[PDB]
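Q: make a model of this:
(9 chains)
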Amino acid sequence: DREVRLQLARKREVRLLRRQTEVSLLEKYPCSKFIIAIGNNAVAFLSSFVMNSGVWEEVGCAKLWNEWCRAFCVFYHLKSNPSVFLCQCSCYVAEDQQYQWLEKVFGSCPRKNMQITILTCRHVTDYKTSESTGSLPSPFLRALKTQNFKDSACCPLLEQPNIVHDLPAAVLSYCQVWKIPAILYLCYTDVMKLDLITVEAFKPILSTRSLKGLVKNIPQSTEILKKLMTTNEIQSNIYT
Amino acid sequence: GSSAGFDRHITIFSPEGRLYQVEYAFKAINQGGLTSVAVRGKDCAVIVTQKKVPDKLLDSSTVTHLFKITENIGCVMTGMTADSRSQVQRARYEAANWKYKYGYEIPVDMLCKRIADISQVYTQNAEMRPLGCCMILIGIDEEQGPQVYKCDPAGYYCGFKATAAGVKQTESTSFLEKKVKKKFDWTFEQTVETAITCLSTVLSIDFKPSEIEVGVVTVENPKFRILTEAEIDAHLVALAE
Amino acid sequence: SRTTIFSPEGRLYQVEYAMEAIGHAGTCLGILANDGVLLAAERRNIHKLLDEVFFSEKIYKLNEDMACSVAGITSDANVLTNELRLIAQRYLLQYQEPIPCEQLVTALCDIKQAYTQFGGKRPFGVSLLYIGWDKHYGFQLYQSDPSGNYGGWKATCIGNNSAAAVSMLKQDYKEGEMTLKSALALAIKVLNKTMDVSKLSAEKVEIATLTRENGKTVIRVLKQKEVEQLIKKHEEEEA
Amino acid sequence: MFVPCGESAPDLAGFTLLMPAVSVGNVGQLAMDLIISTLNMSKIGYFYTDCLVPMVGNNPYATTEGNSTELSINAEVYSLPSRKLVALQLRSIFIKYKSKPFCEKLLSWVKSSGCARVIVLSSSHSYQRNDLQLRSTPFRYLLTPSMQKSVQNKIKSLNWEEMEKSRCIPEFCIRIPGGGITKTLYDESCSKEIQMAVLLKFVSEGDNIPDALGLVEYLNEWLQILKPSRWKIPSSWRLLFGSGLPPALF
Amino acid sequence: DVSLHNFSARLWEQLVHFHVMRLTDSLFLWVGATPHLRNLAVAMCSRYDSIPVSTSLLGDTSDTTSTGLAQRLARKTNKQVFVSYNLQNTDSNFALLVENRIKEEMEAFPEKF
Amino acid sequence: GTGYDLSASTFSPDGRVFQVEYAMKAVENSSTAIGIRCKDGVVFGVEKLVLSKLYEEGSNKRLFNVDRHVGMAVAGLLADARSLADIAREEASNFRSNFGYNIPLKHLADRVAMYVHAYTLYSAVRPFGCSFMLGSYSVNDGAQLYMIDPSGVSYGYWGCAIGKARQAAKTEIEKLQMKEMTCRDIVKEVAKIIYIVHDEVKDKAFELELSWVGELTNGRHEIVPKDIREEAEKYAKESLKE
Amino acid sequence: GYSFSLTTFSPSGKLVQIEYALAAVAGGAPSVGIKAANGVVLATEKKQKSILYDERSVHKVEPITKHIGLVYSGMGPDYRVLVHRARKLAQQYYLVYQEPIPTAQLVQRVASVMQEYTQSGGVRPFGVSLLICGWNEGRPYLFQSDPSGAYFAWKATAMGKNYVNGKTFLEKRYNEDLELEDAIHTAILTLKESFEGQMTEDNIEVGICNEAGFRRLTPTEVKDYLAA
Amino acid sequence: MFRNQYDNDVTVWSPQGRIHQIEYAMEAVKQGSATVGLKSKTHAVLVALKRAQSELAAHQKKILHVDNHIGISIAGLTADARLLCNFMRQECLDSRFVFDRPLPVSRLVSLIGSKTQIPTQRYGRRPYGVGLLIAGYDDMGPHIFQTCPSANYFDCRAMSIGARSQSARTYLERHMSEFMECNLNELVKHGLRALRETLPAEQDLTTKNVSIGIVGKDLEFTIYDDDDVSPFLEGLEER
Amino acid sequence: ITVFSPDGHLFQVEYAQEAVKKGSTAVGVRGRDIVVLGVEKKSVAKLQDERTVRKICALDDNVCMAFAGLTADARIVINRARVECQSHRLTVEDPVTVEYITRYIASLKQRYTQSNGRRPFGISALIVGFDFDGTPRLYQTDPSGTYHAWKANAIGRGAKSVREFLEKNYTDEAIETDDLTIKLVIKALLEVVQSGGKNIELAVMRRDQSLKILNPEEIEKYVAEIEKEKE
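A: Numbering: from 1, shown residues only, chains lettered A, B, ... in the order given. See the structure here:
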């Protein structure tokens, strides 16, 4: 009964496993630009563009488990200057484990200097709009800045009635509460699978200061790399 | 569905042993907005109801509440028009079945009994809802003469001599009982005037030949007839004098 | 709604609800004896104006060889005992040999479990004790559960349970070295123990003795002076 | 877990909190947001707890363009120091087995800060009592013994209907199935003897805007919030039931 | 040719009826007091499985009565056996009696299965 | 009426079934359709809101022909409209075959009303989301126009509208006097009303879909000739302008 | 429709549906029956609320195959349905066994119908309680079929309003055996004890049963008994 | 917020007069792969985009053959697609078998709509979640019919449905006049250009991910596989 | 019941698995010329005969089975299996094969777990016996309906622990003769429950014999010598 529930709680809870091989990541090394990539498309765009020049040494991975997705939560740092950090999180973090993930990443001793740039993709249906969802552009994107970000967003902000939940919202709430500059980019795309249109829509972000100097241009190298991950796991027979 | 609530599920009894869906069906009958009366005289049975026509584009002729099930049996309807028409059609089917099987005309008592059985079916099975309408049957019986029977969605079919149904049902019933206690001859003109004046005084409005519709069945002519506006106007003049 | 849905821990529901309903449904008792398996019940309320046209209340006769007592819902108990009689007569029509007790209780528990398995019906929440001599084995007593499986409880009590007293009275005589008189004495003692309100008073409890005399199962119900002396034995027990 | 918006950590000494509850639909939260918008209660802090699923969005009460571009976390608190009025605002669904920690944390917060009276707007199920809800008014109240006797006599003069005291396992313990959080929160407050009152309403799932209006009118009648067109609805009360008509459907 | 040997037997007490359609080897058997085609299963000897392969054509899948009877009859005879057991509950012992009932007829009338 | 608006077999405390009302208001969601019962015959007019140029002219047609004599103008969900059109076709054909002569409009009207009411009765099936105007003219029966509200009412109208602009359309129609004139002018009048009720700001564009049945077309429901439709549209545009 | 059972066991184990049905039965006109030595009577109150109501149309008593007779307290459409079902059962039994249906089996059949209607989904328990009559073997019968399906043999019992007071009155009045022509007097006095006014000839109905069977008698016949 | 209460079933009306389940079905078509349908005065070309994955894993046969003059392409659930294709084949075959006449496309679409309307009305069902682009050639001439997951259908000059089909719709709307007065090769090239604009900038029309079905004045509906699409790909400009 | 979990687990079958886990430990060994079953017992039976609580039964003479979980569904499945065995013996007139009845039970469980109108059986039938040619058998079905042949299986309370212990212990040297198989089964049961004695419900079936419910006196003496061997 209670013991079984306790065993499940451990199974669901996030466990931080170091990649270099109970101290939190930011507690171990401070960061200056921690980039969060949520979802397959976000991490794909990160790998294509940002993780093109530099060592990007693996520092940690927040392995976890949930009924939906067990993928990976590997964290990276440039290793040319460890000041800048990164995170490619593809595994879905459940609601009961998002705050555990936040504790593992930051804990209780933040630096209050990181420009937390969050990369995530949502579905068009989530976008609360006056008109029908079919009229919206397929890959359009939105941004959610915090109080002390002060850096102009490259895209229009979200409308009032629209909201965001789950892990990106968790990190943004943590940043807002502790006064950490940040911005949450929403790439509202009709296709949630790996499609290069979604990353093409993610492109405008590398132009702005957020994640600006990390990419060493080279569109040809990135564009060729984008075609690499276009090949993915075989889909089912549900849709044709 | 699994509607646990007593107020939104017919089958489940209320904690005080009441069927809230039946009460809400009665409230629907009230929501119909109209009122109807029926009086059993010593020579005939009457049914008087108001015909309020929204606007003028609607054809006044089409909108009606006086229906005939069997050529001798009349009816007046109160409640939602769709439910009223459905119950009228079911009563017509029952009358046809009775005529085909038994071979003679369906008595009013038995017709109301059958309709009450159907209402019991509706109010017992959770699948469907009680029909939001009250039907009053009138007709001439070879043994009891004029007969007035009111069937209701609950499944209550007791016969009446003078009865009413609608939004003003309570006041109409009070006035009708007051008239009944006098116990006069109850002639054709007398009973028709009683019904029409009951409706007029409960609604506190003056009646016009086109504002109301009247149907009557009499011993002399067992066939049910809906009085034309000319006869209603003549009766209104009779009340005036 | 979810009348046939497994619980997360495997505790099928509505059958614990049947269990509780049985628990707060009186106190039916039955003890097996070598001379003849015994049964007992709790005649709730005086019921002065009630007429005992039926054989007895909560003690329904199953043909000539078996009798049963119930401690659950009265309507469900009535329906299930009617089905019991129907099945027993069915087997009698099939073969001259009357239905063995085990087979009939198995059939009834199969009906109960089928209700517990196929949706569309609330489980039959009645717990039954069957007495009766059988050509196979001998005198037998079975404890039925409204959720299914029966038992071979030689001594049992449903409703207010309190099986400690019945065990202390049954194992007292080696559980097999008893007599009928000892069976009535122990049954009265345990009923008095369970009957916290005052004590068993004649018409407050109804018992039936099922013994085979001269090769014939006599199902005799004790009442009036028969129960009057039983509580007199309770007075004897008090001393 | 109160985190000030700035750095002054404004003290809530001698204040009255206005918390909503996760009731049938969103009656309590809707009413709380409605009164917040009407009274123009400025944000003062951020109650960051680990009990609600995180969510973010722009300022629900946009008003000015500058105020429109803000951030609204799952748990934020606004206050109006003019009337010594503070008000928490719940806008999130709860995580499993986390509501009671919220109760304890907020009870400690109110006890330490000095917020005297906590008003808990909520709503219970429509059927509620044994047909008594259909016969009597939906509105009720449930005030802890620690509530100031002045407020108690004010309520008595208002001639309201007290909680039905629904029968529960021992025998008549107040049960509020619709609110859920309301029962445990009330018990925690009673243990802490913190002045608070639960203002609920027997309603059912669906559109609950009229229920919110009724509840805010109840609160106005008690504490004269506005004036015992009327309430300025938030800009958040938009696109709350649909996302446009698909042209092909019709 | 198809010999339509229709017969009835007072199985237990209820006068359960029977139907036969010989065809050539695809025997068809129906069982039930009431004239209803509730269930139906076809079974015939299979060279790939010791138990003749059978599938519940139509009716409740949680019956495993028509299919079992079809398998046993297909093992007894050769080729297909379209069993259509249509008893409501009949517990399970009664089904054994019917299996006995049909068995006796096959001995009495081997041609009129 | 929260809690009582999820099933068509549940009565609200007030005493109304909310599913039927939601069906009527979903009918309101669609564009307005107008029918007129003049002395000569019955004239229909529907604001066929064009969605995209890709759809070929005539697609998503709203004016169905149940039979040679009986037509139909619909609103609300078009799928339910087509299903009801098929049902009415079947009923009319059945009567024409069994009895041998064309169905009186009243019989079709009350039969389809009974069918839709039956659908509204039960919790499993949902009420039809479409309201239609069964209109027809016969040399003996006369010009008849019946609207079938999803509730199941069969009311004979001299003129009525159904859709988003139903109220304004009804006001304009009652300003018009629909008695003792040829349909030749009724087509122009109904086009005029459709033009007034149309909202260009909200509805980007629309197509005039006019059909009529009467002595001019020998009691047959046929789409108005292109020339007459063009003349009516020109008159409506001239009236709307200034 | 709604095949899944709607009467569901409560966590504690009580069937609230049957309890509400019993409450509805209690909220009904008193109906008292006596199992006297020479017959069984079923005097019930056919209360005309207004002069408009005509008792000559509807009756609260209904004989079954002569010997049997029934009354009710609550609802009444349910009573009519149950009367129809019981009459159909009596016809089937008589035509298939070539003998009138004995009382106990009719009670069992109606109780089984009640149990099915409270057990099967898609339907509600009948909100009525039936008092059987009968002259089986030449003795009275006073089985009281509760809405659940529990029928108990009685000698003096009321079921409608103030049924507890009526039961106490019968206990303090009813003789061990009594006799016909006095059971009606006792029942009328019980109704008086549990009436809201005065009784006319047609304000109450008597279901006296004898060798012939359960007879409704006539308003004039009962009126004679009221004067005595 | 409120729509969550009125979208669980298909038989519930929202307070906004909407049935969200039909909207979700209408989005199920978008969940499928993109397809393009356009016609000329003499031909009806049906161009479909096969999933750009390893065709070894699954041969995505979007374009299906219904009759000698009717063929359809799948956008959405495969089970509903198969059921609808089988139904259409039954009706066409029955027409040609009994009346010995080709079934008109419009009649077939009307039957499809009538069949697909029933699930929307009935409880416990769901609308057929697939969008068909019916390219047929009856007596009247070429016909491209759009069948939405709702029973509503549209007679369309040029259409494209599926994922990211808005670009194809824009292209088709920009060149309707050319489509009307084009021959076989030019019309096929126009459809292929629409599909390419559906595809991202980097991806191009390969033989692996393109399938086309053409029905014409004297041409039966023929599905051209990867090897048979190269002739149209050749001569088509990359830009 | 008919819905899958996000990971692809039917809830009803997992709940039935939990119910089985709460059941007694049905332990069997596939010995040559001898098949031994063993089920943990809750003792008790202070006023109840052991006849009615016999978890190990005999489906005909050449098959005997034990279960772990709820006993009502176990009783009904046992009744159905024995009825099928008798029907086969009647019509086909051959001894029913262990494979045949095991597949029948597995199919029944599959049928009951598929339809949503009925819940799955909350037991796991461990079936043993000898075929026509005398080959020892050992099978174990599941609520899902997956029948699997085993060398020496153990399912019930702490199924995994007893299973791995027996796998470590099970060897052809331990399967030789029949006393050794009895020792193996008793050792597994004692590993499950330390009390032993009455809790050890032991049943043995030989090649050409019927199911013999080994007497408690025989069970305890084997336990004593097993203890002696350990010392």
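Q: and the residue of chain B found nearest chain H, helix, strand or coil?
A: Here chain B gets closest to chain H at one residue, residue B:1, 9.2 Å apart by Cβ to the nearest Cβ. Where you see a C-beta, it was placed from the backbone N, CA and C, and this is true even at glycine. Three-state assignment for residue B:1 (DSSP: H, G, I helix; E, B strand; the rest coil): coil.
Q: measure it to chain A for me?
A: Using Cβ to the nearest Cβ, to the nearest Å, residue B:1 is found at 27 Å from chain A.
Q: and what of residue I:94?
A: Going from residue I:94 to chain A by Cβ to the nearest Cβ gives 44 Å.
Q: close enough to count as contact, residue B:112 and residue B:160?
A: No: assessed by Cβ atoms under 8 Å, residue B:112 is found out of contact with residue B:160, at 10.5 Å.
Q: shared neighbours of these two, anything?
A: Common contacts of residue B:112 and residue B:160, defined by Cβ atoms under 8 Å, 6 or more residues apart in numbering or on different chains, comprise B:149-150.
Q: who has more neighbours, these two?
A: Between residue B:112 and residue B:160, residue B:112 has the larger neighbour count (other Cβ atoms under 10 Å in any protein chain shown), namely 28 against 22.
Q: one step back: does the residue of chain B closest to chain H touch residue F:8 like I think?
A: No: counting by Cβ under 8 Å, residue B:1 does not reach residue F:8; the two are 11.1 Å apart.
Q: what is in contact with the two at once?
A: residue F:123.
Q: ok, those two, which is more surrounded?
A: Neighbours were counted for residue B:1 and for residue F:8 using other Cβ under 10 Å; residue F:8 has more, 25 against 20.
Q: element containing that one, please.
A: Using DSSP states H and E, residue F:8 is not contained in any helix or strand.
Q: which residue is the nearest non-sequential neighbour of the residue nearest to the spatial centre of chain E?
A: Most central in chain E under Cα atoms, centre = their mean is residue E:83, positioned 3.5 Å from the mean C-alpha point. Excluding its sequence neighbours, the residue lying closest to residue E:83 (Cβ to Cβ, 6 or more residues apart in numbering or on different chains) is residue E:70, at 3.9 Å.
Q: tell me the residues of chain B that contact chain D?
A: B:4-7, B:14-16, B:18, B:20 (Cβ under 8 Å from any Cβ of the partner chain).
Q: no, scratch that, I was asking about chain F
A: That would be F:1-5, F:13, F:29-31, F:51, F:76-78, which are the residues of chain F within reach of chain D (Cβ under 8 Å from any Cβ).
Q: now for those residues: which two are most distant?
A: F:13 and F:51 (40.7 Å; Cβ to Cβ).
Q: tell me, how many residues neighbour the residue in chain C positioned nearest to chain F?
A: Going by Cβ to the nearest Cβ, chain F is nearest to residue C:1 of chain C, at 15.4 Å. Neighbourhood size, residue C:1 [other Cβ under 10 Å]: 12.
Q: again, but for residue I:122
A: 27.
Q: which neighbouring elements make contact with the helix ranked longest in chain E?
A: Among the segments of chain E that qualify as a helix by DSSP state H, the longest is helix E:93-108. Under the contact criterion of 3 or more Cβ pairs under 8 Å, 6 or more residues apart in numbering or on different chains; DSSP states H and E, helix E:93-108 touches strand E:27-32, helix E:66-76, helix I:71-91.
Q: angle of that helix against strand E:27-32?
A: Here the directions of helix E:93-108 and strand E:27-32 differ by 140 degrees (axes from the mean of the first three to the mean of the last three Cα atoms, to 10 degrees).
Q: which residues touch helix E:93-108?
A: Under the contact criterion Cβ under 8 Å, 6+ apart, helix E:93-108 has outside partners E:7, E:9, E:11-12, E:16, E:18, E:29, E:31, E:65, E:69, E:72-73, E:76, E:85, E:87, E:112-113, I:83, I:86-87, I:90-91.
Q: if we use 6 Å, what do you get?
A: E:9, E:11-12, E:65, E:113, I:83, I:87 (Cβ atoms under 6 Å, 6 or more residues apart in numbering or on different chains).
Q: residue contacts, the residue of chain B found nearest chain D?
A: Per Cβ to the nearest Cβ, residue B:15 is where chain B lies closest to chain D, at 3.6 Å. Residues near residue B:15 by Cβ under 6 Å, 6+ apart: D:130-131.
Q: then residue E:48?
A: Under the criterion of Cβ under 6 Å, 6+ apart, residue E:48 has no neighbours.
Q: and it, how far from chain H?
A: Taking Cβ to the nearest Cβ, one finds residue E:48 at 28 Å from chain H.
Q: what residues does chain A put near chain G?
A: Contact residues (Cβ under 6 Å from any Cβ of the partner chain) of chain A with chain G: there are none.
Q: so which residues of chain A form strands?
A: Assigned by DSSP state E, the strands in chain A fall at A:15-18, A:33-38, A:57-63, A:73-77, A:84-89, A:116-122, A:141-145, A:163-165, A:182-188.
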